[PDB]
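**Q** This is the structure I want to talk about, given as structure tokens.
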Amino acid sequence: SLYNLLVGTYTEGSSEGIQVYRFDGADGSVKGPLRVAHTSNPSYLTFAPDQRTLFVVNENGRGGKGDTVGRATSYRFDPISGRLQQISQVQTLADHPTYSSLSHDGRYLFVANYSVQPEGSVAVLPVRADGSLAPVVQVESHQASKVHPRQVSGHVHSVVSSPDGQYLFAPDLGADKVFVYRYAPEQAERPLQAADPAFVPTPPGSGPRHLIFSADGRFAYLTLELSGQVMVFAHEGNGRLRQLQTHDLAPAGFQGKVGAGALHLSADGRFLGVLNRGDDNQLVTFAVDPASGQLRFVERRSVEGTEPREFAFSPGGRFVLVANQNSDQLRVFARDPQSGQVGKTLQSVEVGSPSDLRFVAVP
């Protein structure tokens with residue numbers, strides 16, 4: 001049961017770009033890399049539904065040694081050989097683009113410019129029929145909350161459409177808000193229209209980061225980086241969210257820094273995994289109530305490294321893989337798809353500053 005495993009990375013160290021590995025669902029082994037696509041800081045990977053057209057953010061910023069402006073790059077991917085072919089590359093108009101997503105009709109790539117220095121933004125990039133990117137047509141920056149030093153300017157950390165695709169949600173870690181836009185392709189010159197409400201506030205100094213929706217669009221889950229929490233919302237459609245629940249990621253009595261990072265639901269909708277960084281460095285697993293969407297704590301598993309940046313459940317659910325950015329390693333763990341429990345460490349993979357993981361089956 002063999003899959004391509006594409007690994008995004010930061011390229012300040014040994015990595016030279018996107019690394020292509022092979023994952024075996026039969027034993028959990030990771031082998032490679034087979035190929036590396038040379039490019040600057042390809043830290044987040046987004047595939048079109050064909051699983052052949054790949055969109056990448058080049059998370060460059062002004063204080064870098066190398067390229068200093070944010071870019072987005074598109075690729076074609078051959079899942080037989082592992083080959084990646086660059087199609088196009090354009091500026092995102094702000095530093096550190098760190099996340100992207102395609103509009104539901106494929107007409108645009110929404111980009112989250114994080115921008116360590118002022119100012120971050122949502123950027124809108126048209127996508128041509130051949131998968132090439134066109135220059136930015138819209139840029140939206142935001143007012144910051146100034147509750148934490150990391151919030152003196154706006155920092156967009158994800159851009160996520162509702163599953164029906166009509167609205168685009170943009171958690172801004174510097175604003176303590178999730179901004180909400182209506183997607184209006186009929187207005188090619190400004191496809192993102194501010195909705196009502198225009199945002200969903202989060203607690204002061206909480207740092208909203210990543211948002212996901214349940215498959216049925218009824219609920220949304222949001223990490224709060226600075227507070228070390230995950231928030232549960234009911235999604236009403238029309239771009240409206242109402243708060244249901246907030247849960248700490250670290251136990252009561254945990255002394256040490258915390259940081260909430262990536263989150264993903266399992267393919268059966270039954271479990272939510274959330275990373276907590278800081279001094280905690282755990283994958284936190286919750287059971288998801290299908291009726292209320294609320295979360296019940298199941299377990300915490302040490303990621304055996306520092307700054308876990310992303311993770312991915314394996315396609316069959318019998319493994320989970322964590323990218324430990326500061327440790328320069330991937331870790332593969334056994335997983336029980338029934339209980340959601342994460343077990344024995346099966347392998348550690350040395351890779352420079354890994355930041356994202358994506359599975360594509362080998363035809």
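Going through the structure tokens in order, the chains are called A, B, and so on, while each chain numbers its residues from 1 and the ligands are numbered from 1 in the order shown.
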Compile the contact shell of region 112-122 of chain A as a list in words: residues with an atom at most 8 Å away, counting only C-alpha atoms, same-chain residues fewer than 3 positions apart removed.
**A**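 Non-adjacent residues within range: residues 61, 70, 92, 94, 95, 96, 97, 98, 99, 100, 138, 139, 140, 141, 142, 153, 154, 155, 156, 157, 158, 159 and 170 of chain A.
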**Q** Put those residues in a file: N, CA and C atoms, as a PDB file, in the first residue's frame.
**A**
ATOM      1  N   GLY A  61      10.825  36.065   3.819  1.00  0.00           N
ATOM      2  CA  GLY A  61      10.571  37.349   4.440  1.00  0.00           C
ATOM      3  C   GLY A  61      11.823  38.202   4.424  1.00  0.00           C
ATOM      4  N   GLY A  70       7.770  37.120  -0.259  1.00  0.00           N
ATOM      5  CA  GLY A  70       6.889  35.967  -0.310  1.00  0.00           C
ATOM      6  C   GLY A  70       6.486  35.654  -1.740  1.00  0.00           C
ATOM      7  N   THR A  92       3.495  37.168  -3.569  1.00  0.00           N
ATOM      8  CA  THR A  92       2.270  37.250  -2.782  1.00  0.00           C
ATOM      9  C   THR A  92       2.047  38.632  -2.176  1.00  0.00           C
ATOM     10  N   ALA A  94       3.491  40.142   0.311  1.00  0.00           N
ATOM     11  CA  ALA A  94       3.829  40.303   1.720  1.00  0.00           C
ATOM     12  C   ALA A  94       4.704  39.135   2.145  1.00  0.00           C
ATOM     13  N   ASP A  95       5.365  39.311   3.288  1.00  0.00           N
ATOM     14  CA  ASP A  95       6.317  38.328   3.786  1.00  0.00           C
ATOM     15  C   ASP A  95       5.632  37.085   4.354  1.00  0.00           C
ATOM     16  N   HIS A  96       6.379  35.983   4.312  1.00  0.00           N
ATOM     17  CA  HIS A  96       6.038  34.724   4.970  1.00  0.00           C
ATOM     18  C   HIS A  96       4.641  34.175   4.666  1.00  0.00           C
ATOM     19  N   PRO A  97       4.290  33.999   3.393  1.00  0.00           N
ATOM     20  CA  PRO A  97       3.072  33.249   3.097  1.00  0.00           C
ATOM     21  C   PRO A  97       3.237  31.832   3.633  1.00  0.00           C
ATOM     22  N   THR A  98       2.254  31.385   4.414  1.00  0.00           N
ATOM     23  CA  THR A  98       2.444  30.217   5.261  1.00  0.00           C
ATOM     24  C   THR A  98       1.346  29.181   5.085  1.00  0.00           C
ATOM     25  N   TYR A  99       0.357  29.452   4.243  1.00  0.00           N
ATOM     26  CA  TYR A  99      -0.781  28.570   4.070  1.00  0.00           C
ATOM     27  C   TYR A  99      -1.467  29.009   2.796  1.00  0.00           C
ATOM     28  N   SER A 100      -2.098  28.062   2.103  1.00  0.00           N
ATOM     29  CA  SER A 100      -2.903  28.438   0.947  1.00  0.00           C
ATOM     30  C   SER A 100      -4.029  27.435   0.766  1.00  0.00           C
ATOM     31  N   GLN A 138      -6.073  41.004  -5.168  1.00  0.00           N
ATOM     32  CA  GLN A 138      -6.647  41.490  -3.935  1.00  0.00           C
ATOM     33  C   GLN A 138      -5.736  41.145  -2.762  1.00  0.00           C
ATOM     34  N   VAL A 139      -5.630  42.107  -1.853  1.00  0.00           N
ATOM     35  CA  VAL A 139      -4.822  41.964  -0.646  1.00  0.00           C
ATOM     36  C   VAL A 139      -5.611  42.586   0.490  1.00  0.00           C
ATOM     37  N   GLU A 140      -5.794  41.845   1.584  1.00  0.00           N
ATOM     38  CA  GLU A 140      -6.529  42.371   2.736  1.00  0.00           C
ATOM     39  C   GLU A 140      -5.680  42.242   4.000  1.00  0.00           C
ATOM     40  N   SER A 141      -5.282  43.376   4.571  1.00  0.00           N
ATOM     41  CA  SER A 141      -4.579  43.430   5.853  1.00  0.00           C
ATOM     42  C   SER A 141      -5.562  43.741   6.983  1.00  0.00           C
ATOM     43  N   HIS A 142      -5.079  43.614   8.222  1.00  0.00           N
ATOM     44  CA  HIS A 142      -5.964  43.708   9.380  1.00  0.00           C
ATOM     45  C   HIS A 142      -5.300  44.459  10.530  1.00  0.00           C
ATOM     46  N   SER A 153       1.205  43.613  14.818  1.00  0.00           N
ATOM     47  CA  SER A 153       0.730  43.791  13.451  1.00  0.00           C
ATOM     48  C   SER A 153      -0.050  42.540  13.075  1.00  0.00           C
ATOM     49  N   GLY A 154      -0.752  42.607  11.945  1.00  0.00           N
ATOM     50  CA  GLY A 154      -1.581  41.492  11.532  1.00  0.00           C
ATOM     51  C   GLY A 154      -0.756  40.345  10.984  1.00  0.00           C
ATOM     52  N   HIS A 155      -1.236  39.125  11.240  1.00  0.00           N
ATOM     53  CA  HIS A 155      -0.552  37.895  10.826  1.00  0.00           C
ATOM     54  C   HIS A 155      -1.617  36.887  10.414  1.00  0.00           C
ATOM     55  N   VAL A 156      -1.869  36.754   9.118  1.00  0.00           N
ATOM     56  CA  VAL A 156      -2.835  35.758   8.666  1.00  0.00           C
ATOM     57  C   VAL A 156      -2.146  34.399   8.633  1.00  0.00           C
ATOM     58  N   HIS A 157      -2.712  33.412   9.352  1.00  0.00           N
ATOM     59  CA  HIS A 157      -2.048  32.120   9.480  1.00  0.00           C
ATOM     60  C   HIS A 157      -2.743  30.983   8.741  1.00  0.00           C
ATOM     61  N   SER A 158      -3.989  31.163   8.301  1.00  0.00           N
ATOM     62  CA  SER A 158      -4.627  30.205   7.403  1.00  0.00           C
ATOM     63  C   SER A 158      -5.737  30.917   6.656  1.00  0.00           C
ATOM     64  N   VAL A 159      -6.163  30.281   5.558  1.00  0.00           N
ATOM     65  CA  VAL A 159      -7.250  30.745   4.707  1.00  0.00           C
ATOM     66  C   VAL A 159      -8.014  29.496   4.293  1.00  0.00           C
ATOM     67  N   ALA A 170     -10.363  33.467   7.612  1.00  0.00           N
ATOM     68  CA  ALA A 170      -8.944  33.825   7.686  1.00  0.00           C
ATOM     69  C   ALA A 170      -8.571  34.114   9.129  1.00  0.00           C
TER      70      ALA A 170
END
**Q** When you look at region 34-42 of chain A with a cut-off of 8 Å (counting only C-alpha atoms), what residues show up, excluding the ones that are within fewer than 5 positions of it in the same chain? I need them as a list in words.
**A**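 Near neighbours after the sequence-gap exclusion: residues 8, 9, 10, 11, 12, 16, 17, 18, 19, 20, 21, 22, 56, 57, 58, 59, 60, 66, 67, 82, 83 and 84 of chain A.
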**Q** Next, write the just-selected residues to a file, as a PDB file, in the first residue's frame, keeping N, CA, C and O atoms as the atom set.
**A**
ATOM      1  N   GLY A   8       6.927  19.339   2.847  1.00  0.00           N
ATOM      2  CA  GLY A   8       7.358  20.716   2.802  1.00  0.00           C
ATOM      3  C   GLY A   8       8.392  20.999   3.878  1.00  0.00           C
ATOM      4  O   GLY A   8       8.455  20.320   4.900  1.00  0.00           O
ATOM      5  N   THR A   9       9.226  22.007   3.641  1.00  0.00           N
ATOM      6  CA  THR A   9      10.342  22.280   4.544  1.00  0.00           C
ATOM      7  C   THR A   9      10.655  23.763   4.525  1.00  0.00           C
ATOM      8  O   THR A   9      10.267  24.494   3.607  1.00  0.00           O
ATOM      9  N   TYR A  10      11.380  24.199   5.554  1.00  0.00           N
ATOM     10  CA  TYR A  10      12.153  25.431   5.464  1.00  0.00           C
ATOM     11  C   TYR A  10      13.555  25.087   4.983  1.00  0.00           C
ATOM     12  O   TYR A  10      14.108  24.052   5.360  1.00  0.00           O
ATOM     13  N   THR A  11      14.101  25.941   4.125  1.00  0.00           N
ATOM     14  CA  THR A  11      15.369  25.712   3.510  1.00  0.00           C
ATOM     15  C   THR A  11      16.577  26.473   4.063  1.00  0.00           C
ATOM     16  O   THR A  11      17.503  26.681   3.365  1.00  0.00           O
ATOM     17  N   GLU A  12      16.546  26.830   5.318  1.00  0.00           N
ATOM     18  CA  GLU A  12      17.686  27.509   5.888  1.00  0.00           C
ATOM     19  C   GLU A  12      18.841  26.557   6.271  1.00  0.00           C
ATOM     20  O   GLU A  12      19.951  26.965   6.422  1.00  0.00           O
ATOM     21  N   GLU A  16      16.758  21.492   0.515  1.00  0.00           N
ATOM     22  CA  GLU A  16      16.786  22.335  -0.654  1.00  0.00           C
ATOM     23  C   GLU A  16      15.429  22.582  -1.285  1.00  0.00           C
ATOM     24  O   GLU A  16      15.353  23.254  -2.257  1.00  0.00           O
ATOM     25  N   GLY A  17      14.382  22.047  -0.669  1.00  0.00           N
ATOM     26  CA  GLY A  17      13.047  22.238  -1.159  1.00  0.00           C
ATOM     27  C   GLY A  17      12.012  21.198  -0.779  1.00  0.00           C
ATOM     28  O   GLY A  17      12.022  20.758   0.308  1.00  0.00           O
ATOM     29  N   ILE A  18      11.137  20.870  -1.713  1.00  0.00           N
ATOM     30  CA  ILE A  18      10.107  19.860  -1.475  1.00  0.00           C
ATOM     31  C   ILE A  18      10.717  18.475  -1.651  1.00  0.00           C
ATOM     32  O   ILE A  18      11.258  18.155  -2.716  1.00  0.00           O
ATOM     33  N   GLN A  19      10.592  17.636  -0.633  1.00  0.00           N
ATOM     34  CA  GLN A  19      11.161  16.299  -0.676  1.00  0.00           C
ATOM     35  C   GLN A  19      10.063  15.272  -0.882  1.00  0.00           C
ATOM     36  O   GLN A  19       9.015  15.335  -0.237  1.00  0.00           O
ATOM     37  N   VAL A  20      10.306  14.327  -1.777  1.00  0.00           N
ATOM     38  CA  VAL A  20       9.324  13.307  -2.122  1.00  0.00           C
ATOM     39  C   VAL A  20       9.806  11.977  -1.562  1.00  0.00           C
ATOM     40  O   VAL A  20      10.858  11.470  -1.967  1.00  0.00           O
ATOM     41  N   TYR A  21       9.049  11.433  -0.615  1.00  0.00           N
ATOM     42  CA  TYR A  21       9.292  10.136  -0.007  1.00  0.00           C
ATOM     43  C   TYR A  21       8.216   9.152  -0.445  1.00  0.00           C
ATOM     44  O   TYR A  21       7.215   9.514  -1.082  1.00  0.00           O
ATOM     45  N   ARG A  22       8.408   7.905  -0.047  1.00  0.00           N
ATOM     46  CA  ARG A  22       7.423   6.882  -0.268  1.00  0.00           C
ATOM     47  C   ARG A  22       7.034   6.272   1.083  1.00  0.00           C
ATOM     48  O   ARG A  22       7.856   5.930   1.832  1.00  0.00           O
ATOM     49  N   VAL A  56       2.234  25.663  -3.792  1.00  0.00           N
ATOM     50  CA  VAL A  56       3.167  25.816  -2.718  1.00  0.00           C
ATOM     51  C   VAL A  56       3.428  27.270  -2.331  1.00  0.00           C
ATOM     52  O   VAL A  56       3.515  28.086  -3.144  1.00  0.00           O
ATOM     53  N   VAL A  57       3.549  27.512  -1.042  1.00  0.00           N
ATOM     54  CA  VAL A  57       3.925  28.830  -0.589  1.00  0.00           C
ATOM     55  C   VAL A  57       5.429  28.818  -0.282  1.00  0.00           C
ATOM     56  O   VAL A  57       5.913  27.893   0.267  1.00  0.00           O
ATOM     57  N   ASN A  58       6.101  29.892  -0.675  1.00  0.00           N
ATOM     58  CA  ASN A  58       7.516  30.086  -0.434  1.00  0.00           C
ATOM     59  C   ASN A  58       7.580  31.120   0.683  1.00  0.00           C
ATOM     60  O   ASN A  58       7.466  32.277   0.459  1.00  0.00           O
ATOM     61  N   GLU A  59       7.769  30.598   1.870  1.00  0.00           N
ATOM     62  CA  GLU A  59       7.681  31.395   3.045  1.00  0.00           C
ATOM     63  C   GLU A  59       8.932  32.209   3.330  1.00  0.00           C
ATOM     64  O   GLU A  59       9.593  31.967   4.270  1.00  0.00           O
ATOM     65  N   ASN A  60       9.146  33.189   2.465  1.00  0.00           N
ATOM     66  CA  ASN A  60      10.291  34.092   2.515  1.00  0.00           C
ATOM     67  C   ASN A  60       9.881  35.422   3.128  1.00  0.00           C
ATOM     68  O   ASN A  60       8.759  35.886   2.928  1.00  0.00           O
ATOM     69  N   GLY A  66      18.654  34.778   1.586  1.00  0.00           N
ATOM     70  CA  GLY A  66      18.193  34.006   0.469  1.00  0.00           C
ATOM     71  C   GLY A  66      17.196  34.917  -0.197  1.00  0.00           C
ATOM     72  O   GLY A  66      17.418  36.070  -0.273  1.00  0.00           O
ATOM     73  N   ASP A  67      16.100  34.377  -0.669  1.00  0.00           N
ATOM     74  CA  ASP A  67      15.049  35.175  -1.258  1.00  0.00           C
ATOM     75  C   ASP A  67      14.335  35.897  -0.123  1.00  0.00           C
ATOM     76  O   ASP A  67      14.147  35.317   0.914  1.00  0.00           O
ATOM     77  N   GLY A  82       7.497  10.350  -9.091  1.00  0.00           N
ATOM     78  CA  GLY A  82       7.816  11.249  -8.027  1.00  0.00           C
ATOM     79  C   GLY A  82       8.264  12.622  -8.511  1.00  0.00           C
ATOM     80  O   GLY A  82       8.482  13.468  -7.773  1.00  0.00           O
ATOM     81  N   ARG A  83       8.388  12.788  -9.806  1.00  0.00           N
ATOM     82  CA  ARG A  83       8.824  14.034 -10.397  1.00  0.00           C
ATOM     83  C   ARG A  83       7.854  15.219 -10.187  1.00  0.00           C
ATOM     84  O   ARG A  83       6.720  15.051 -10.245  1.00  0.00           O
ATOM     85  N   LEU A  84       8.412  16.396  -9.980  1.00  0.00           N
ATOM     86  CA  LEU A  84       7.687  17.638  -9.802  1.00  0.00           C
ATOM     87  C   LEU A  84       8.155  18.589 -10.922  1.00  0.00           C
ATOM     88  O   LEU A  84       9.305  18.697 -11.133  1.00  0.00           O
TER      89      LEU A  84
END
**Q** Given only C-alpha atoms as the basis, pick out the residue of A:237, A:207, A:165, A:131 nearest to residue 177 (chain A).
**A**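 Of A:237, A:207, A:165, A:131, the one nearest residue 177 (chain A), counting only C-alpha atoms, is A:207.
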**Q** Restricting the calculation to only C-alpha atoms: of A:219, A:254, A:77, A:333, which residue gets closest to residue 321 (chain A)?
**A**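 The shortest atom-to-atom distance to residue 321 (chain A) comes from A:333.
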**Q** When DSSP is applied to the backbone of this structure, which of region 275-313 of chain A are assigned strand (DSSP E)? Write them out as a ChimeraX atom specification.
**A** /A:275-276,282-288,295-302,308-313
**Q** How far is it from CA of residue 240 (chain A) to CA of residue 103 (chain A), in Å with one decimal?
**A**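 Value for the CA of residue 240 (chain A)-CA of residue 103 (chain A) distance: 18.5 Å.
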**Q** With distances taken over only C-alpha atoms, which residue among A:23, A:55, A:271, A:179 lies nearest residue 143 (chain A)?
**A**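 Of all the options, A:179 lies closest to residue 143 (chain A).
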